[PDB]
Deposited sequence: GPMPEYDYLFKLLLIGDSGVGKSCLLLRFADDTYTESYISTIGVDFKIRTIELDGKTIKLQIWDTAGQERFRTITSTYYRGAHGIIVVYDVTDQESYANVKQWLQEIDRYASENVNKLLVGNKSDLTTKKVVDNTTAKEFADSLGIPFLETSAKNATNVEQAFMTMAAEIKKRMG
C-alpha cells in the first residue's frame, strides 16, 4: 500500500540570508519569523512527496560522499531582490549546477518582494536572463506568502512533465 506516487528531491541554493529557510518554513509549516522540510502535494491526480533541502552553505564546512550518483530532481536558485550582490552571484550558482550536476529542472526565485522600497534588482532584467536560459522566474515573499506555494508547485509540475 503506497503513501505517495512520486518522491521528488528539491534543493534550495543561493547566498546566505536571501530567505531560503523562510521559503522552506512557509511552504511546509506556513510559519515565518531549519534547512530541511517535507511536504506531500497533489497534482493531476498524482500525490507527490517533496523532500526539500536548504544546502545552507554546508559545503563551507565539510565534503561528503553520497551513495547515489543521482542528484536532486529540481534546484531552486534564490536571490534577494534588495541585495544586488545576491543577484550577481546567481550566475555562479548556476555554473556550479551546470558544471557538475543530468538536465535537472531549475527555477529562479527573487525573494523578499514585499520590500518594495528596497527592491533594487530589476525584475525585467532577471526575467530576461532566466528566459535566455529556459528557466522559469518568480518573485516571492516568504513573509507575505506571495508565490511561495506557486514556486514549489510549478517546480513539481515541471519535474513531472519531464519524467
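**Student:** Compare the deposited sequence with the modelled residues and state the ranges that are missing C-alpha positions.
**Tutor:** Those parts of the chain that were deposited but carry no coordinates are 1-2, 36-43, 112, 175.
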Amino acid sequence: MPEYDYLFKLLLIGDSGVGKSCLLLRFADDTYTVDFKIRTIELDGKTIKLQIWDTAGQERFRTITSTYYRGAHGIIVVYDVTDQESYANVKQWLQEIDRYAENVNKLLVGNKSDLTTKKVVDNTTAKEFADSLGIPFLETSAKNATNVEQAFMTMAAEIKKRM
From here on, numbers count along this sequence of modelled residues.
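**Student:** Averaging CA B factors per stretch from the PDB record, which one is higher: 132-140 or 34-42?
**Tutor:** Looking at the recorded C-alpha B-factors, 34-42 comes out higher on average.
**Student:** Which is higher on mean Cα B factor in this entry, 91-99 or 112-120?
**Tutor:** It is 91-99 that shows the higher mean C-alpha B-factor.
**Student:** In terms of recorded Cα temperature factor, pick the maximum from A56, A126, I64, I52.
**Tutor:** Spelled out: the listed residue with the top C-alpha B-factor is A56.
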